[PDB]
Amino acid sequence: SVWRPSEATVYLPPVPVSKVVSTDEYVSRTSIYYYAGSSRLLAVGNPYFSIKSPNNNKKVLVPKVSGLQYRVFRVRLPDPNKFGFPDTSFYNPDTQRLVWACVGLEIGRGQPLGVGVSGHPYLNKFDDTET
Amino acid sequence: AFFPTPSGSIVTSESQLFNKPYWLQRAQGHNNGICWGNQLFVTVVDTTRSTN
Amino acid sequence: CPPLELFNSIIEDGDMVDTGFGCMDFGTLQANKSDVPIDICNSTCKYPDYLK
Amino acid sequence: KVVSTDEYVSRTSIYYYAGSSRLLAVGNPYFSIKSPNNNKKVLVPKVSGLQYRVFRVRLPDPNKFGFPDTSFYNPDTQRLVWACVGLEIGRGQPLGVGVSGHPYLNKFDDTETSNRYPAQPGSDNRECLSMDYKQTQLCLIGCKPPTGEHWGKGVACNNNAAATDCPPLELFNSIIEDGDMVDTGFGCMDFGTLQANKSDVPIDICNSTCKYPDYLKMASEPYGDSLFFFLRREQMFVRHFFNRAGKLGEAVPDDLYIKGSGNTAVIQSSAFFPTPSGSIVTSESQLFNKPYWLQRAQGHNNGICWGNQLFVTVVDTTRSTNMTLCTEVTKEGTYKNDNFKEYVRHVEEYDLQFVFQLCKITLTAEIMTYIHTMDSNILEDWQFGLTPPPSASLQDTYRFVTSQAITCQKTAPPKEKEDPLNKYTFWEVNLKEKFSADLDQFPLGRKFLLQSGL
Amino acid sequence: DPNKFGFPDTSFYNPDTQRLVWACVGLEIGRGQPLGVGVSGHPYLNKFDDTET
Amino acid sequence: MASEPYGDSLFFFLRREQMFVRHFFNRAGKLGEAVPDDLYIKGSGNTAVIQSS
Numbered sequence: 002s003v004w005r006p007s008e009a010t011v012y013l014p015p016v017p018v019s020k021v022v023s024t025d026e027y028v029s030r031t032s033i034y035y036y037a038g039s040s041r042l043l044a045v046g047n048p049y050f051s052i053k054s055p056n057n058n059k060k061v062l063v064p065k066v067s068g069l070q071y072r073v074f075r076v077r078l079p080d081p082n083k084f085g086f087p088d089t090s091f092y093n094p095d096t097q098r099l100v101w102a103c104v105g106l107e108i109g110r111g112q113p114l115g116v117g118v119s120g121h122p123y124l125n126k127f128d129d130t131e132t
Numbered sequence: 290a291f292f293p294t295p296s297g298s299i300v301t302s303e304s305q306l307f308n309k310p311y312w313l314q315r316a317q318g319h320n321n322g323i324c325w326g327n328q329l330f331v332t333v334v335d336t337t338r339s340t341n
Numbered sequence: 185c186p187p188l189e190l191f192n193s194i195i196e197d198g199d200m201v202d203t204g205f206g207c208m209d210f211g212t213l214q215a216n217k218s219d220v221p222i223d224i225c226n227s228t229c230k231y232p233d234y235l236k
Numbered sequence: 020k021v022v023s024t025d026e027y028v029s030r031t032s033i034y035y036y037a038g039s040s041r042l043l044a045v046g047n048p049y050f051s052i053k054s055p056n057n058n059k060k061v062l063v064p065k066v067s068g069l070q071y072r073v074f075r076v077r078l079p080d081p082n083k084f085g086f087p088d089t090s091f092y093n094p095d096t097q098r099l100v101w102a103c104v105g106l107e108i109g110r111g112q113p114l115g116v117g118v119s120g121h122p123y124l125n126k127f128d129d130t131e132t133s134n135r136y137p138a139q140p141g142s143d144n145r146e147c148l149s150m151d152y153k154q155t156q157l158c159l160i161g162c163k164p165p166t167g168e169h170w171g172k173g174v175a176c177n178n179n180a181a182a183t184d185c186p187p188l189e190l191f192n193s194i195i196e197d198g199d200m201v202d203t204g205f206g207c208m209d210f211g212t213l214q215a216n217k218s219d220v221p222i223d224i225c226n227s228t229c230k231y232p233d234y235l236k237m238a239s240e241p242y243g244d245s246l247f248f249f250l251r252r253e254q255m256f257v258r259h260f261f262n263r264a265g266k267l268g269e270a271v272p273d274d275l276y277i278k279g280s281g282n283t284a285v286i287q288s289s290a291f292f293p294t295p296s297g298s299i300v301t302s303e304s305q306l307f308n309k310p311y312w313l314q315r316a317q318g319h320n321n322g323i324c325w326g327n328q329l330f331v332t333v334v335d336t337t338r339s340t341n342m343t344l345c346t347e348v349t350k351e352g353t354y355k356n357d358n359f360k361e362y363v364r365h366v367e368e369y370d371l372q373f374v375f376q377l378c379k380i381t382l383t384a385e386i387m388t389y390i391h392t393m394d395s396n397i398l399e400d401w402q403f404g405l406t407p408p409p410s411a412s413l414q415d416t417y418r419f420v421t422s423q424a425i426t427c428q429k430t431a432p433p434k435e436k437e438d439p440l441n442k443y444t445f446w447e448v449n450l451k452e453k454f455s456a457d458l459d460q461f462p463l464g465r466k467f468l469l470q471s472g473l
Numbered sequence: 080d081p082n083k084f085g086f087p088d089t090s091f092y093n094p095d096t097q098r099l100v101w102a103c104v105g106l107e108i109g110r111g112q113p114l115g116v117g118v119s120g121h122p123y124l125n126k127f128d129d130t131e132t
Numbered sequence: 237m238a239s240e241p242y243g244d245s246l247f248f249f250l251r252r253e254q255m256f257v258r259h260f261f262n263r264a265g266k267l268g269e270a271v272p273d274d275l276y277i278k279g280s281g282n283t284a285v286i287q288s289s
């Protein structure tokens, strides 16, 4: 619409795509809660290495445990939809399904506070460079 | 080829983050607290009580 | 001098954290295995993602 | 008449996101190697956090767009300028600080605890030592590139004085670019001209001209267009005390003290120098990875990026360690020292995510002259000051070019040479087509809307 | 001199009776130098011994 | 004690602790577990004989 070909490109709004929304608009929040009892659990092993059978190869004797390893824990929950209730007058299983949602958080610990220490017995230090 | 030695420092009972309740007002994602698959993978890292 | 190209994982148990010594594959990178302490020359250590 | 950016503009209610992806930059900590055959052929660069990390964005013209609504937009007078209202830096490293040192440092002795007499003559006494530096965390933003002073030499004088030889000096006020070095406590100065041994300074910074930013003159700048916001947090203390080793050019007056004799007859030099130490850092001392909302700027430009560009900088020290390699050449059975070879690197990742608001600026006959006073560029970036060009009458009218009556024709117009930034090596980002408006699908606009009372 | 700026203004004040005196309600310190520390010593310094160990 | 059925031994408590190392030393006894040989290169001369760890 001018005297030039004028072939600079143009910018557009992107196409309307079906999007994501939060998990907050279609859930029917309940007022019933249940406890997660996870009574004390034990773990031992040598922090230098896992020790093994010399006869076998995949027969450990103690493992290798230390604080700087990734301490991930996998919990397993029951399904709420299989459960026995006193009441279901609030809940039609034909059209509605049950899901969990955590509310409560705590890390129980069981050790005096204090850190271990190590270092290589054939560490190759050339010289000091502090002074 | 110089290299230092890391040290860390004093640890306190106030530097503790555990043995205390938490009540999260709002989770970070669009998922505002809904777990799925009847499982969850919780992780903590503490070297502070790691004396041998 | 080899350039390195990163890649991720999924953090499982029995993986050690980076303790200030660089999230890298200590088996594939430093063949002498005696420039670092004992526990860390064999396996690798990870720094988790907080952005993706 | 000096007037802020709050007295002639209209605040819309439309907000658009920007966010940057993974920055790739890994290089050598100490220096950039080149080819031995060619100086312009590097294989690894010099990277450090102690470089001024000065970056610049590319943002598109908002007037280049198409939307069904133009009731807000009269296209005759009104125009569109970008302004930033939200930000965050993303960083992706574990914390770790590296140390450095010249292998021929100018330590004569230590001067903290004792000196058994006396200093000895000699022309060659250097050695390797190593030490950390000043710690910090900082940033700055402004739509003009940030400035900075640094000290250097001067012209000597006229030769009226016939007393002695001690050289002149001057600070030098300059816009700093990417890669340049921060001062760490030895003054913001040149290490090649002001020093002469290059052995007082570690090798990576012994061949440098370190600067310090001039926020002061940027404060006494009228509009505040090189500054929107800035941060800083720094601490320091000494580690040890050592001394230089050279002829002290200045003597000390005598009646101030009493001289000794015999073994104590020689007066030792007093060319002491300290050596630094940063403190412990914690994760509570973290500056980055948080939102810092624009609600009140320091100057007249309230977030307005002129030229659709910004000049961002940052200096961090807690992620300044360097990972190294140790590989062999030969497979062995026992421990030999000649077998293994090292290579050291240093890693960097920057992520930058922003929130905006476009604002329609109606153009009267008065504000056009006001911006004409500031700078005529954005005016002709809106193409508003035009002149009708004459000179249509051309009759270079042939059909052929390979003839025998040549006129020695000349071509290739280099006409778009207008940028001043060509002398200045930045690291950049073109974020131009990375845009949308659905802030619920972004991990910062969700945080923005709950912050914004929405 | 505060008494030397104003043109003769009757209703504002009377220079015959009223006086103009400065005060101060504002102050800002400017510092140009970055953070840094230095030392000072003595090469004929009197010390007998050390006593901390 | 926090999971005692009545809780009659903890009405209230406090705790306040600080700790950090000073020095690093080693023990001299003939240790139990020999080191896996793969984690290092074998010694030479005076490094061929092994110290404690």
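Residue numbers (the entry's author numbering), protein chains in the order written: chain W, 2 to 132; chain B, 290 to 341; chain V, 185 to 236; chain H, 20 to 473; chain U, 80 to 132; chain A, 237 to 289.
Using N, Cα and C, we set each Cβ at its ideal position, and we do this for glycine too.
At least one C-beta of chain B is nearer than 8 Å to the C-beta of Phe256 of chain A. Annotation: Cβ neighbours of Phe260 of chain H in chain U (cutoff 7 Å, chain order): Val118.
The Cβ atoms of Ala37 of chain H and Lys453 of chain H lie closer than 8 Å to each other.
Under the 8 Å criterion on CB atoms, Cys207 of chain V is classed as interfacial with respect to chain H.
Taking a contact to require three or more Cβ pairs closer than 8 Å, the segment 257-265 of chain H and the segment 97-108 of chain H do not qualify as touching. Cβ-Cβ distances below 8 Å link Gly204 of chain H to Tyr152, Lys153, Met255, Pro295 in the same chain, with the five nearest sequence neighbours on each side left out; the list follows chain order. Taking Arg77 of chain H as the centre and dropping the five residues before and after it, the same chain places the C-beta of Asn449, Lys451 closer than 6 Å to its C-beta, in chain order. Per DSSP, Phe210 of chain H lies in no alpha helix (DSSP H) segment and is marked neither H nor E.
DSSP places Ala238 of chain H within a helical segment (H, G or I) once states are collapsed to three. As a beta-bridge residue in DSSP terms, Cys378 of chain H pairs with H:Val100. Taking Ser29 of chain H as reference, the option from H:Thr388, H:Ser227, H:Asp95, H:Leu382 with the minimal CA-CA separation is H:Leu382.
Under the Cβ criterion of 8 Å, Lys20 of chain W is counted among the residues facing chain H. Here the C-alpha atom of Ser23 of chain W lies approximately 10 Å from the C-alpha atom of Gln460 of chain H. Listed along chain A are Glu253, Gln254, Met255, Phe256, each with a C-beta nearer than 9 Å to that of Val300 of chain B. In terms of Cα proximity to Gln372 of chain H, the closest of H:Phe261, H:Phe419, H:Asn308 is H:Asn308. Fewer than three pairs of CB atoms, one per stretch, sit closer than 8 Å, so the segment 119-127 of chain H makes no contact with the segment 348-358 of chain H.
Secondary structure remark: continuous beta strand (DSSP E) runs of at least 3 residues inside the segment 401-449 of chain H, in chain order: 446-449. Under the three-state reduction of DSSP output, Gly204 of chain V falls in the coil class, being neither helix nor strand. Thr392 of chain H is outside the set of residues whose beta carbon lies under 8 Å from a beta carbon in chain U. One Cα belongs to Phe191 of chain V, the other to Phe50 of chain H, and the distance between them is close to 27 Å. The beta carbon of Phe291 of chain B falls within 8 Å of a beta carbon belonging to chain H, placing the residue at that interface. Scanning its chain for C-beta atoms nearer than 6 Å, with the 5 sequence neighbours on each side dropped, one finds around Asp202 of chain V the residues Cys229, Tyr231, in chain order. Counting only residues of its own chain and dropping the five nearest sequence neighbours on each side, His391 of chain H has a CB closer than 6 Å to the CB of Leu398.
For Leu159 of chain H, the enclosing beta strand (DSSP E) starts and ends at 154-161. Our two residues, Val118 of chain U and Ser149 of chain H, have alpha carbons roughly 20 Å apart in a direct line. Counting along the chain, the unbroken alpha helix (DSSP H) around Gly464 of chain H starts and ends at 464-470.
Listed along chain B is no residue with a C-beta nearer than 7 Å to that of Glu303 of chain H; the closest approach is about 10 Å. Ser29 of chain H does not reach chain W, its nearest Cβ partner there being about 22 Å away, counting only Cβ pairs nearer than 8 Å. Nearest neighbour of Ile222 of chain V by Cα position, chosen from W:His121, W:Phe74, W:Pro79, W:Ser90, turns out to be W:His121. Within 8 Å of the CB of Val201 of chain V, the CB atoms of chain B belong to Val334, in sequence order along the chain. When the beta-carbon positions are compared, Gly322 of chain H and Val104 of chain H come within less than 8 Å of each other. In this structure the segment 351-363 of chain H touches the segment 272-283 of chain A; the number of beta carbon pairs closer than 8 Å is three or more. For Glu452 of chain H, the three-state secondary structure derived from DSSP is coil.
Counting the other Cβ atoms within 10 Å of the Cβ of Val331 of chain H gives 16 or more, which makes it buried.
For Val11 of chain W, the chain H residues whose C-beta falls within less than 9 Å of its own C-beta are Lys83, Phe84, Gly85, listed in chain order. When rounded, the separation of the alpha-carbon atoms in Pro48 of chain H and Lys236 of chain V is 27 Å.
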